[PDB]
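Before we start, here is the structure in question, set down as structure tokens.
Residue numbering restarts at 1 for every chain, and letters A, B, ... go by the order of the sequence lines. Excluded from the calculations below are hydrogen atoms, water molecules and symmetry mates; all remaining heavy atoms, backbone and side chain alike, are included. Just follow the structure's listing: the first ligand is 1, and inside any ligand the first atom is 1.
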Amino acid sequence: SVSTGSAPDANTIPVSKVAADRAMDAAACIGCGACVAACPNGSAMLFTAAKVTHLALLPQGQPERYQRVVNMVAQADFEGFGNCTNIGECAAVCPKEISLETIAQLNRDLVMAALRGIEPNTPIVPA
Amino acid sequence: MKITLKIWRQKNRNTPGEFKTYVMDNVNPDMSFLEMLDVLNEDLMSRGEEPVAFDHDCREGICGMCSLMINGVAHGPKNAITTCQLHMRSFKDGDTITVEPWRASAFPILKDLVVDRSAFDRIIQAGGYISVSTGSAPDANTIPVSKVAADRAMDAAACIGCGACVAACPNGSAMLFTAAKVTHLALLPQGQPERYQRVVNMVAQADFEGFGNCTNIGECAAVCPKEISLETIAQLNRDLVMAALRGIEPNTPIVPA
Amino acid sequence: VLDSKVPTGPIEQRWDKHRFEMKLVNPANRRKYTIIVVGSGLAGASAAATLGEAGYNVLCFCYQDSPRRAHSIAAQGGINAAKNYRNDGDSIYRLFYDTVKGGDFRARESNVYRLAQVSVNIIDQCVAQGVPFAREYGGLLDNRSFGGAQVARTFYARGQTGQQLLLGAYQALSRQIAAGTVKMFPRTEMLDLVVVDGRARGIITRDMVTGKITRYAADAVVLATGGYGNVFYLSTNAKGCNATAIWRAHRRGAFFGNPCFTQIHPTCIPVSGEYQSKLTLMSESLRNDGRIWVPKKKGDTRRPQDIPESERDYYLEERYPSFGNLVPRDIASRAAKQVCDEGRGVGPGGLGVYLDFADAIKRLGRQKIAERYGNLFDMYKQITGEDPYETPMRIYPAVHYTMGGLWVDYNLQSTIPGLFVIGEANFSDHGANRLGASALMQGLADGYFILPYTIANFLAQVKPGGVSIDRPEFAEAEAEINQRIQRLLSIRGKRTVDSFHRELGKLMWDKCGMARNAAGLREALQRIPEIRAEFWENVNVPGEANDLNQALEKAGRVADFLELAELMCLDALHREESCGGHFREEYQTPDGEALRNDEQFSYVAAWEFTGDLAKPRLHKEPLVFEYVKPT
Amino acid sequence: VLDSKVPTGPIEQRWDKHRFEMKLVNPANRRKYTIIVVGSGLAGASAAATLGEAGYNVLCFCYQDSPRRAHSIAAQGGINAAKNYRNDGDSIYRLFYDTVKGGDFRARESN
Amino acid sequence: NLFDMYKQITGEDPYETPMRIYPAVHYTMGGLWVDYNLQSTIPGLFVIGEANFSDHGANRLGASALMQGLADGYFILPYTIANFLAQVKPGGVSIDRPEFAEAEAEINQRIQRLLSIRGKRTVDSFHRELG
Ligand SMILES: Cc1cc2nc3c(=O)[nH]c(=O)nc-3n(C[C@H](O)[C@H](O)[C@H](O)COP(=O)(O)OP(=O)(O)OC[C@H]3O[C@@H](n4cnc5c(N)ncnc54)[C@H](O)[C@@H]3O)c2cc1C
Ligand SMILES: Cc1cc2nc3c(=O)[nH]c(=O)nc-3n(C[C@H](O)[C@H](O)[C@H](O)COP(=O)(O)OP(=O)(O)OC[C@H]3O[C@@H](n4cnc5c(N)ncnc54)[C@H](O)[C@@H]3O)c2cc1C
Ligand code: SF4
Ligand code: SF4
Ligand code: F3S
Ligand code: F3S
Ligand code: FES
């Protein structure tokens with residue numbers, strides 16, 4: 001949640017090359033939905049987990065990460081997707097080879113947000 | 001309204017004080033408490049008696065120098081307000097209102113209702129700040145502060161330094177004031193370099209100034225005009241435990257000038 | 001002759017050019033200098049903290065319990081800066097242009113540009129100090145829009161921005177008190193200025209707990225003592241706000257720059273009786289979603305909600321059909337005062353008008369109106385006891401800010417060498433109308449990023465020390481202060497101090513208030529000395545000198561106010577034009593707006609005390625506009 | 001006749017001068033305006049996001065299933081900026097010169 | 001990455017066989033003329049990104065179209081469109097205006113005519129011939 005014009009210098013906050021590489025690995029998600037299609041449960045866990053991992057591996061995504069995962073997970077429930085049985089067909093068919101480590105990271109974020117008592121916001125209803 | 005007032009009258013620090021009774025025949029319900037005291041003071045001046053002395057600047061609940069123990073409650077019966085924000089519609093006709101100063105060893109009484117709250121100043125001087133000098137600050141958007149952390153730090157930072165927590169605390173403790181400042185500075189990334197020192201120093205200063213300890217009673221939070229929570233004291237406790245784990249020891253106390 | 005000492009060349013580099021051309025004090029030589037800072041508000045606290053950080057010996061004074069109890073803790077609106085964090089066309093030049101045009105082209109351009117240029121450093125410093133400004137969810141700072149600006153350039157800490165700004169400045173000041181560089185003297189009121197060899201070399205103060213008169217000596221004296229808006233008894237200022245320091249400096253030789261330039265606030269909670277002296281102001285934005293009216297019948301005893309629409313005098317709608325319901329603050333407030341003077345009795349004393357939200361509540365969502373004005377409505381119900389959702393909210397104009405004060409040059413120095421006036425105490429760079437969120441920025445700029453340079457420039461050209469408190473000037477000032485206090489305590493009259501202050505403020509609000517004319521100002525100029533003589537012959541100041549005598553402090557402040565009001569009325573009668581807050585009824589557009597005379601009144605009027613309160617000496621400082629042409 | 005409406009004076013301040021000399025909409029008055037943005041590429045998504053942040057009513061359109069499917073997504077090379085993070089002589093003037101000479105002197109200099 | 005993509009698309013390893021390439025049209029730095037305010041000849045019509053001619057000249061440099069699109073979106077159009085909008089009143093035109101009806105009738109007639117031709121050639125055949 002950064003508005004235009006308020007960004008600081010591009011080198012003000014260091015992002016380690018490893019974290020940047022992992023966040024680029026997660027951020028490389030073309031939003032095809034093939035994870036939902038190949039998931040036996042019809043779950044958007046790989047897409048959601050990729051976005052959560054991309055924004056959670058960078059410092060700029062720290063201020064609102066534990067909210068974000070909760071909201072995002074809740075939205076995936078609200079939209080009608082299934083749950084994650086940790087099967088891995090989503091990762092098997094992913095064009096960008098987004099790993100199940102993204103889902104483990106999303107799970108860690110959601111557990112941490114539950115420990116902090118983070119409540120999901122109102123779902124994004126369609127227009 | 002007909003209002004009877006039993007007001008503490010003390011000549012100076014050394015003179016013993018006593019309650020004097022004053023009957024006000026006509027009190028406006030819309031009159032604020034301090035305005036009623038002003039009317040009483042004008043009547044006393046016209047009658048040749050010494051007017052009651054009380055601290056007041058803003059009459060808005062923000063500056064923090066109005067400080068009256070009204071009917072046993074700091075800042076009056078109504079909560080989340082100050083003495084200045086209390087109006088006479090909170091009382092009834094024929095009511096008797098007892099008006100007192102803050103009673104604390106660290107808040108010496110200088111006059112009828114005026115106390116010396118400079119111990120709060122010295123608690124602040126003992127690390128209640130960020131040691132940043134003018135001209136050295138980076139761009140205002142270089143360090144992100146999450147809206148939740150900023151909101152909590154503004155909740156704690158909304159402290160008018162009235163000392164009503166000390167007055168309502170059974171132990172006479174400044175723990176709500178100190179904990180509010182500790183929480184305000186410790187919730188921001190700018191207060192991280194000193195926080196574990198700061199809490200220790202500040203807590204030690206509150207001990208040095210003569211305040212009591214905290215029994216986790218909660219009258220401080222009950223009478224706080226700004227509704228500063230007891231989570232500020234939990235945060236200060238966490239900071240002090242973490243500082244003890246790190247071996248942080250307090251600096252020299254701030255001696256009065 | 002006044003020397004503004006403004007730099008030459010392009011306005012965008014003038015400050016930098018000045019900062020290079022100013023003299024410097026070595027850090028080792030700073031410990032040999034003592035600076036007195038009277039005042040601990042935003043300007044005073046920032047100044048004392050920065051000067052203590054520099055390495056000077058600072059003597060800071062305030063009449064409150066604590067330095068944090070100053071005014072400017074009550075500032076609700078945010079603080080502006082030209083950071084363009086909102087990507088909306090804001091810039092340092094746009095802020096400078098907005099401030100020059102807002103002041104109605106009545107202030108120096110170099111000062112305004114320097115203020116707009118250092119606003120960005122102000123905001124950086126405040127964020128570093130821990131001021132909990134509003135953040136967006138991404139962690140970065142949040143801006144909102146203030147009146148007089150089409151950009152969102154205001155940084156705010158909930159509704160208590162001034163409290164958090166002063167808390168940061170006071171925390172820096174506390175850090176310097178702990179460091180030993182600053183000596184803080186709370187509950188100490190400066191009662192005179194001591195001028196030795198033409199230089200402001202000390203002050204005479206009275207400790208208001210023990211009554212002790214003390215003399216302090218310094219190489220330079222800074223007057224960060226705030227505004228004189230309490231010369232009108234009914235004002236939004238704190239009860240202790242006074243003009244004693246600047247009036248004493250004026251009597252010592254400082255020139256009063258445009259004393260008549262006073263600002264008002266439109267939305268203030270009216271008084272409930274003659275006892276009340278403070279009007280709690282409310283955001284001008286409350287009007288955006290409210291309508292101002294009074295009952296057509298003066299003796300309407302019905303509830304205002306039960307009054308029919310055809311039986312309501314919705315003035316500012318029938319009057320001024322153009323720009324209805326958002327008439328400028330001055331026009332609407334002058335109309336409100338005229339209506340209340342005609343006789344309506346809608347409030348306790350009849351001084352108030354109904355700002356109702358009923359039609360806005362019906363039209364909009366009551367939840368959205370709650371989100372807009374919840375804290376304001378809760379405060380109004382706390383103060384008045386009436387719910388603004390059902391009952392109309394009563395409001396009445398009040399004096400808020402004084403753009404005038406002691407004249408200062410580009411170096412923030414008055415006409416007394418070594419005397420520096422900062423914050424609201426000086427005229428400086430607000431012109432005839434101060435923009436919203438510009439007084440906080442001006443105080444913090446003067447404290448943090450201007451006075452450290454200009455005071456060092458002054459001090460590098462003089463030798464440290466050489467004046468002690470045993471000099472005859474200190475003894476003469478102390479004898480004068482003691483005699484004044486004894487005379488005040490010895491009158492033993494029938495009327496109280498507040499009675500005289502109420503009469504004086506009523507006259508000033510009726511004559512030198514929002515609508516001024518020649519005849520009214522001449523009547524006030526005849527009446528002010530009579531009130532002063534009646535005060536000095538018939539005031540009751542009980543108690544003793546060496547005690548916590550609050551009546552004595554009030555008496556001294558009113559004694560200064562009685563002399564200051566005459567100068568204010570003389571300045572208002574002098575200025576045969578309308579500009580900003582100064583409004584002459586005979587110089588206005590048909591719409592009621594202020595009509596300036598830029599051919600004959602395009603200057604700063606600095607008034608010199610000549611020993612006669614009725615005949616001060618006028619000194620014009622001409623104003624030239626090279627970057628913001630008057631229009 | 002075509003009016004390029006380019007600012008005058010030194011080229012380094014022209015945009016700033018223009019930004020001062022061009023009018024503004026108050027944040028309260030922005031909700032009264034509706035802006036249609038046809039396109040959701042880098043330009044379209046940037047514009048719609050910024051104008052929605054400002055407070056306008058934005059109607060954004062795209063022919064794809066999602067705004068993210070615009071062809072800007074297919075760009076492989078990086079993005080240029082005159083930050084001189086490599087100490088290699090780069091500057092805003094050098095980027096402007098490189099773009100004017102690279103375009104073969106067929107575009108307005110101020111843009 | 002390039003060799004793996006080429007082997008995925010063509011089926012031939014470029015480490016042994018030569019890679020095959022052919023020029024293709026990539027970018028169009030022409031487009032609707034816009035002024036310094038990014039506004040076209042029609043007032044109130046703003047063209048940004050690749051859709052306008054703007055400032056790439058006769059040859060767009062590498063990594064400059066993303067620069068130009070993000071610049072137009074983030075840091076230019078917010079100012080110039082506000083400059084345009086501040087000089088006009090909001091609203092005042094609804095979709096019930098005759099101009100909307102005329103444009104809609106033209107679009108409907110074009111779509112009906114396209115669907116009603118029923119010729120012997122596909123759309124992509126004509127596009128291929130044109131290209
Ligand atoms: C309700 C309210 C809201 C406001 N909101 C805003 C806002 O949003 N934006 C804005 O820009 N401005 C605002 N203002 C105005 C502004 O905040 C202040 O009024 C003023 O500009 C700051 O004054 P100062 O810093 O110069 O000194 P002050 O804050 O007035 O302090 C003067 C100091 O001098 C000390 N002192 C010591 N001895 C003496 C003596 N002998 N005489 C006098 N003083 C003495 C006092 O103790 C005090 O500490 C608001 C004002 C009010 C009342
Ligand atoms: C393969 C390729 C690689 C490139 N690589 C680079 C590179 O490395 N670096 C670089 O600087 N540039 C590169 N470019 C050029 C640059 O990416 C383009 O200029 C870019 O596409 C410009 O984005 P845009 O916002 O102007 O429009 P686009 O990104 O094309 O987006 C147009 C948008 O408008 C919508 N739209 C179009 N017509 C309609 C309509 N009639 N109704 C509704 N919506 C409509 C589309 O759905 C889309 O959302 C590359 C271009 C290509 C083709
Ligand atoms: S399959 Fe991979 S690339 Fe496609 S939506 Fe799922 S996570 Fe994203
Ligand atoms: S914590 Fe609350 S009660 Fe204690 S001084 Fe601060 S505002 Fe007053
Ligand atoms: S296959 Fe399905 S169950 Fe989870 S791990 Fe992948 S989304
Ligand atoms: S009432 Fe006293 S015991 Fe602690 S929680 Fe408050 S300071
Ligand atoms: S007088 Fe300021 S808080 Fe009450």
Side-chain angles (χ1 to χ4, degrees), chain A residues 25-39 42-54 76 81 88-100 102-103 106, chain B residues 61-67 69 73-75 79-83 102 104 107 115 117 119-121 123-124 128 155-184 203 206 211-234 236-237, chain C residues 65-66 68-69 160 163 167, chain D residues 66 68:
Chain A
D25 274 337
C29 172
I30 69 184
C32 54
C35 42
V36 179
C39 180
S43 157
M45 195 74 156
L46 199 67
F47 169 83
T48 315
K51 191 41 80 187
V52 150
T53 318
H54 159 225
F81 297 104
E89 299 265 355
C90 63
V93 311
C94 187
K96 310 278 125 170
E97 298 161 293
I98 289 173
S99 40
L100 300 187
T102 48
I103 302 192
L106 177 132
Chain B
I62 189 56
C63 80
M65 50 186 318
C66 81
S67 68
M69 177 86 26
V73 197
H75 294 314
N79 64 327
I81 60 163
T82 50
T83 305
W102 287 172
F107 288 171
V115 299
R117 285 163 295 168
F120 273 12
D121 286 323
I123 291 175
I124 291 300
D155 278 344
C159 174
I160 68 183
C162 54
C165 43
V166 180
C169 181
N171 310 316
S173 159
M175 193 76 44
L176 199 67
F177 171 86
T178 313
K181 189 42 79 190
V182 153
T183 319
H184 160 223
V203 161
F211 297 105
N213 82 300
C214 179
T215 323
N216 303 315
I217 293 152
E219 316 254 2
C220 55
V223 311
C224 189
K226 309 282 130 169
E227 302 156 285
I228 291 176
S229 42
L230 295 188
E231 318 212 21
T232 47
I233 309 176
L236 166 146
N237 289 335
Chain C
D65 168 292
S66 183
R68 61 186 296 178
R69 310 294 173 62
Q160 309 282 4
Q163 178 207 2
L167 273 194
Chain D
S66 183
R68 60 179 295 161

Atom 7 (S) of ligand 6 [closest protein heavy-atom partner, distance rounded to 0.1 Å]: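 Nearest protein contact, heavy atoms only, for atom 7 (S) of ligand 6 is B:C169 SG, 3.4 Å.
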Checklist entry - Shortest non-hydrogen contact from B:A221 to B:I228? => result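 Residues B:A221 and B:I228, closest heavy atoms: CB-O, 3.7 Å.
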Could you tell me which non-hydrogen atom of A:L46 sits nearest to which non-hydrogen atom of A:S99, and how far apart they are?
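Looking at all heavy atoms of both residues, the shortest contact is CD1-O, 3.5 Å.
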Practice task
Identify the protein heavy atom lying closest to atom 2 (Fe) of ligand 4, giving its residue, its atom name and the separation to 0.1 Å.
Solution key: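 Heavy-atom neighbour on the protein nearest atom 2 (Fe) of ligand 4: B:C224 SG, 2.2 Å.
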Next item on the list: Determine whether any heavy atom of A:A50 lies closer than 4.0 Å to an atom of ligand 3.
Entry: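 No.
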message: With heavy-atom distances below 4.5 Å as the criterion, would you say the side chains of A:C39 and A:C35 are in contact?
response: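 The answer is no; the side chains never approach within 4.5 Å.
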Would you mind listing which atoms of ligand 4 come within a distance below 4.0 Å of any non-hydrogen atom of B:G161?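 This gives 5 (S), 6 (Fe) as the contact atoms.
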Out of curiosity, B:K181 NZ to B:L236 CG, how far, rounded to the nearest 0.5 Å?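 Between atom NZ of B:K181 and atom CG of B:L236 there are 13.0 Å.
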State the atoms of ligand 4, each with its element, that fall below the 4.0 Å cut-off from a heavy-atom position in B:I228.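 In order of numbering, the contacting atoms are 1 (S).
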With heavy atoms of A:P95 as the reference, note each atom of ligand 3 found under 4.0 Å away.
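Reading through ligand 3 atom by atom, the close ones are 1 (S), 2 (Fe), 3 (S), 4 (Fe).
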Please write down residue, atom name and distance for the protein heavy atom closest to atom 4 (Fe) of ligand 6.
->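 Sorting protein heavy atoms by distance from atom 4 (Fe) of ligand 6 puts B:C214 SG, 2.3 Å first.
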Practice prompt. Between B:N216 and ligand 6, find which residue part has any heavy-atom pair under 4.0 Å and reply side chain, backbone, both or neither.
Written response: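 The answer is the backbone.
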Less than 3.5 Å apart, any donor N or O on the side chain of C:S66 or B:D121 sitting next to an acceptor on the other?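 Yes, because at least one side-chain N or O of C:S66 sits under 3.5 Å from a partner of the opposite role on B:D121.
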Notebook entry, point to check: Any N/O/S atom of A:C29 sitting less than 2.8 Å from atom 4 (Fe) of ligand 3, backbone or side chain?
Noted result: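 It does not: A:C29 brings no N, O or S atom closer than 2.8 Å to atom 4 (Fe) of ligand 3.
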Return the residue, atom name and 0.1 Å-rounded distance of the protein heavy atom closest to atom 1 (S) of ligand 6.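 Answer, as residue, atom name and distance: B:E219 N, 3.2 Å.
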Could you check whether any heavy atom of B:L176 sits closer than 4.0 Å to an atom of ligand 6, since that is the contact criterion I want to use?
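So B:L176 does not count as touching ligand 6.
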Query raised in the report: So which heavy atom on B:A119 is nearest to which on B:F107, and how close?
Result: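 Looking at all heavy atoms of both residues, the shortest contact is CB-CE2, 4.4 Å.
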Open item on the list: How long is the straight-line distance from CD1 of B:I160 back to NZ of B:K226, given to the nearest 0.5 Å?
Closed with: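 Interatomic distance, B:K226 NZ to B:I160 CD1, rounded to 0.5 Å: 5.0 Å.
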- request: Among all protein heavy atoms, pick the one closest to atom 8 (Fe) of ligand 4 and tell me residue, atom and distance.
  value: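 Among all protein heavy atoms, the one nearest atom 8 (Fe) of ligand 4 is B:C162 SG, 2.3 Å.
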Quiz item: Taking only heavy atoms of B:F120, which atoms of ligand 4 are found under 4.0 Å from at least one of them?
Solution: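 Ligand 4 atoms under the 4.0 Å threshold to B:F120: 5 (S).
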For a quick test of reading the model, state the closest non-hydrogen atom pair linking C:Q163 to B:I62 and the distance between them.
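Where C:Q163 meets B:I62 most closely, the heavy atoms are OE1-CD1, 3.5 Å.
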Exercise: do B:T83 and B:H75 side chains pair donor with acceptor under 3.5 Å: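 B:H75 and B:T83 do have a side-chain donor-acceptor pair below 3.5 Å.
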message = As an exercise, identify every atom of ligand 6 less than 4.0 angstrom from a heavy atom of B:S173.
response =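 Those of ligand 6 that fall under 4.0 Å from B:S173 are 7 (S).
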Locate the shortest heavy-atom distance separating B:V223 from B:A164; write the atom from each residue and the value.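 Of all heavy-atom pairs spanning B:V223 and B:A164, the closest is CG2-O, 3.4 Å.
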Next item on the list: Assert yes or no for the condition that the ring centre distance of B:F211 to B:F177 is strictly below 6.0 Å.
Entry: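 No: the rings miss the under 6.0 Å criterion.
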Original post:
What heavy-atom pair brings B:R117 and B:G64 nearest, and what distance separates the two atoms?
Top reply: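 What the structure gives for the nearest pair is NH1-O, 2.9 Å.
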message: Can you name the atoms of ligand 3, numbered from 1 with element, that are less than 4.0 Å from a heavy atom of A:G33?
response: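 Heavy-atom distances to A:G33 below 4.0 Å select 4 (Fe), 5 (S).
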query = Counting from 1, what ligand 6 atoms have a heavy atom of B:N171 closer than 4.0 Å?
reply =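 Matching atoms, with element in brackets: 3 (S).
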ask   = Considering only protein heavy atoms, which is closest to atom 7 (S) of ligand 4, and at what distance to one decimal place?
value =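 Minimum-distance protein heavy atom for atom 7 (S) of ligand 4 reads B:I160 N, 3.5 Å.
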- Short check: any N/O/S atom of B:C220 below 2.8 Å from atom 6 (Fe) of ligand 6?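 So B:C220 counts as coordinating atom 6 (Fe) of ligand 6, yes.
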Where is the nearest protein heavy atom to atom 4 (Fe) of ligand 4: which residue, which atom, and how far?
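Sorting protein heavy atoms by distance from atom 4 (Fe) of ligand 4 puts B:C165 SG, 2.3 Å first.
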Checklist entry - How far is atom 3 (S) of ligand 6 from its nearest protein heavy atom, and which residue and atom is that? => result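 Heavy-atom neighbour on the protein nearest atom 3 (S) of ligand 6: B:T215 N, 2.8 Å.
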